[PDB]
Every structure is written in C-alpha cells, then in structure tokens.
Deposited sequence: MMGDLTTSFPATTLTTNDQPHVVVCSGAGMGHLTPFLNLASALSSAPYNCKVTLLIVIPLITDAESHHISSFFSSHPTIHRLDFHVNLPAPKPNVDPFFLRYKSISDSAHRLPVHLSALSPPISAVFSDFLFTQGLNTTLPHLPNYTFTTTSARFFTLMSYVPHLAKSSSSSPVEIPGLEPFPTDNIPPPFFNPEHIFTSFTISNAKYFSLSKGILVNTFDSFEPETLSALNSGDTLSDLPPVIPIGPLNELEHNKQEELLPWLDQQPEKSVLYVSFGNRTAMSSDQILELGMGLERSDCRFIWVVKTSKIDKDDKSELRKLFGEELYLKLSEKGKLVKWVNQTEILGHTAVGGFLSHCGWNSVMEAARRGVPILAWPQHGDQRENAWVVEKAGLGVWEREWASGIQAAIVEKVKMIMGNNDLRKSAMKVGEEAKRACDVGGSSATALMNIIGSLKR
C-alpha cells in the first residue's frame, strides 16, 4: 500500500515553503503517500509560525512532527539565522529515535541539506533525498565548497565558470559558520539517494546535463529536478485581490525583496522616488517595525507626506502578501525581486518577467540563471543608482515585447513541467514509484 515518507524542513521562509509544498504534493493524488512533516521548533519569525499553523490546519491528513532544537545563544557579529542553521545541522544526528516511533515504518526521508550528515550517518539504511532550495547552478557551487582553495574564477569542470563577484566571500573561509556546516554536510551528499532541486529541465539544461552525464561532480548522486512545486491553497484569501481584479492585464509591478534583505531607509526612499516617477501601478512589500499590517506611520515619516500620498495613490504599500496569489494574478506584469530561488520559481511558473536586484548569497547566480533563461534582466549595479535604475528598467520589464514573450515561454514550460505528465512530475512519480 501507500508509502510513509518524512519531509524534514529547515528554518526561514525560503527553506520552509518548498518543504511545505512538497509535503502537500506527496500527500495528494497522484502520489498518495502518507506524509509526516518534521518542523524544527522553536521557530524564529512570526511569518514562519503563521505559515506553518495555517498549513497544518488546511492539510489535516499530513502529520506534524515537532523536532525540538534549543535556540543557540546570540553571538556578536554572527548572523542569528546562520546560528540557527548550525544548531539544526548539529542536532540532525538525534533523529533516529524520533523517526523510529512513526508508523507505518517510513520508506524515505526528504530533507533540507542541513540534515545531511546526521541522516546519512545515523540512518544510513533509510533513503534520504537531499532537497536543496537553491538553483541547480548555485547548488553545484555549494557542493564544490569543500574543494575551494582564491580570488580567481572558480571553474568546476564541465560547467561555466563562477566569477568571483558571484561567490559569497565566506565560502573561501572554511571556519566561517555558514561555510563550516556547508562543508560538513556536502561531504555526505554522496550517501544521499539523490539531490532534488526546485527547478525544471528546460530551465537549467546545461547545468543539469553536466551534473547528470557524469561528471562534473563524480560523487554526487543523481540530481533530480522536481519543480516548480504545485502551489498551496492559502487559508485566508489575499487582501489585495479585489483591487488587482480592477487593474488592466499586466499593468501592476510587484516589488518584494523578502524578509532577509537589509535595505536602508535611504535605499527605500530612493526606490519610492523611482516608483513615483514610473507609469505602472505597483504592489510593494515594505518592511516595517510596527506589528499591525495597517499602520503606515513609519512610511509617512520615511517618504514624507507628499511622496507617501503620491505613492499610496499609485500603488499598494503592504507588510506581507500571499506571493503566489499576487504573481498568479493576470494584472501583475512584472516582478522586481532579490531572486531568492523560491520567488524565481514562483515567477517562472506564471511567466512573470523579473527585474533582478540580487542582494547576497546565491542571488547573483540566481539572477544570472533568470537572465540566461529569458525570464528577466539583471541590473548588476542597482545599488549605485537606485532611482535611475527603477525609472529606466521598470518601463522595460513592463512593456518590452521580446522579454514578455521569452518570459511567457518560460511560464508555459514551467507549467508543463509540474502538470500531469510533466518532466518534473514524472521524475517525482518515479521516485515515489520506486518506494512501492
């Protein structure tokens, strides 16, 4: 009968939502698995807590397993999420006693890469699919981190070189907190049954081809595209939908840099000045210390009254959205994004052209993948002239006919890939089929 599988989620929105999406897909037709979704508690952000609660309330047949990992003490000059990621990696070896109590006996685990060493050493007989949450392109660099020595381009044989400006500088320091648990877990990728990627074959064909053909990266297991993951339905309907319903097709710019972006007040002000001068309407997710989603006093102070009024007449300034509901609306014509990979793939699914302003980490390589696929354009020096960058490029994404067509073609292939019979759905069905 039906396989029982465990999905091991990590921490942070970007490392949570693809695991929720996978859990949801595997619990439903045509996969029809019994799914236990492991959640690391405590959670760090309220966004995480509400997303998880809402998920389990709307997926009653999915079983929740709370995996308690003590919060690490803060340390000066160490990022709190990196400290949390390290605590998860350090705790993964404790999973045997927790997974052994599950019934019926589990057939497989699908896990964040932070769990790799713990799962592949203490549960070596349990098939572990390491589900990376970044692009296939950046995953290859991460898997190569244990072999780094430099300020030269990194050339993984068989792949286009990685320029220095696209590699997080900490990757060259094995003692950096992030590099340390990247190295310790990448060293056990070879014991994973496969690497799953939230991507699709026609989106990263050169990378996937190299990895698979053998070799580049001899010792990796098969690297399997399973994206885009079919979207969740959300408990509460998106509050901006009736307004979006009133806008012409493809006339609204969606703007979001996510929870992990550190834009200063000066940068936010310049961005607002640029938007006020553009012709399109917008939805802009702006971070505010006030907890009430409706309190705009901080924005009024930041922009000043005249600018704020003009901005609020032309678009929506909000604290949070259901992103997939926004990107799925016919009124949204473009996406100014930091290119966090979940956001890239949600835009790919809907064929939404991207204006890429990457901030840190994998985002520059993600932006390059987006530009190479024809899904968007990457503004390499956005931070050196924010207002001008906005005025010139927003008009272009919103109207350029060639980019609109190439982005639409990405959307058609992305939809095809996750539909019944799609290349990604076929790959996932074959994984589940191999458990029966």
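Engineer: Deposited sequence versus model: which ranges have no CA atoms?
Structural biologist: Counting from residue 1, the stretches without coordinates are 1-17, 167-169, 457.
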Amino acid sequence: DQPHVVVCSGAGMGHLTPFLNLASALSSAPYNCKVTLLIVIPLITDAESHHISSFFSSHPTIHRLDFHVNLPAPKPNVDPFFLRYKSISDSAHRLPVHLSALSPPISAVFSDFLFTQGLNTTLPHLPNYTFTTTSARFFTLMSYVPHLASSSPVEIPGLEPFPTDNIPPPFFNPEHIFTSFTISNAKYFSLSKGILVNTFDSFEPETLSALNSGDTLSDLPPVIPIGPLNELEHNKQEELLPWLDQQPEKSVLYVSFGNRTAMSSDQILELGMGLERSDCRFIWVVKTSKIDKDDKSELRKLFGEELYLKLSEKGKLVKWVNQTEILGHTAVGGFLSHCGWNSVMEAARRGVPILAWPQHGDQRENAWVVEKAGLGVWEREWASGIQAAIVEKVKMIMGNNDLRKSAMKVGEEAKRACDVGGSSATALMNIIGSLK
From here on, numbers count along this sequence of modelled residues.
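Engineer: Please check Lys293 against the other PDB entries of this protein that were compared: is it missing in at least a third of those that model both its neighbours?
Structural biologist: Across the compared entries, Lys293 is left out in at least a third.
Engineer: Among the other PDB entries compared that flank it on both sides, is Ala149 unmodelled in a third or more?
Structural biologist: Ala149: unmodelled in a third or more of the comparison entries.
Engineer: If you average the Cα B factors in the entry, which is higher, 255-263 or 185-193?
Structural biologist: It is 255-263.
Engineer: In the PDB record, does 297-305 or 241-249 carry the higher mean Cα temperature factor?
Structural biologist: Going by the record's values, the stretch with the higher mean is 297-305.
Engineer: For the listed residues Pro163, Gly118, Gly274, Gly328, which one has the largest C-alpha B-factor as given in the deposited model?
Structural biologist: That would be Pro163.
Engineer: Name the residue from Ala389, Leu38, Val35, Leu375 with the greatest C-alpha temperature factor listed in the entry.
Structural biologist: Most elevated C-alpha B-factor of the set, per the entry: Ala389.
Engineer: Where does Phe171 sit by CA temperature factor within its chain: lowest, middle or highest third?
Structural biologist: Its C-alpha B-factor belongs to the middle third of this chain's values.
Engineer: Where does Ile62 sit by CA temperature factor within its chain: lowest, middle or highest third?
Structural biologist: For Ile62, whose C-alpha B-factor we compare with every modelled residue in the chain, the answer is the middle third.
Engineer: Going by what the PDB entry lists, where does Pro18 fall on CA B-factor within its chain: lowest, middle or highest third?
Structural biologist: Its C-alpha B-factor belongs to the lowest third of this chain's values.
Engineer: By the recorded C-alpha temperature factor, relative to the other modelled residues in its chain, which third is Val369 in?
Structural biologist: Middle third.
Engineer: According to the PDB entry, is the CA B factor of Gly361 in the bottom, middle or top third of its chain, that is, lowest, middle or highest?
Structural biologist: Middle third by C-alpha B-factor.
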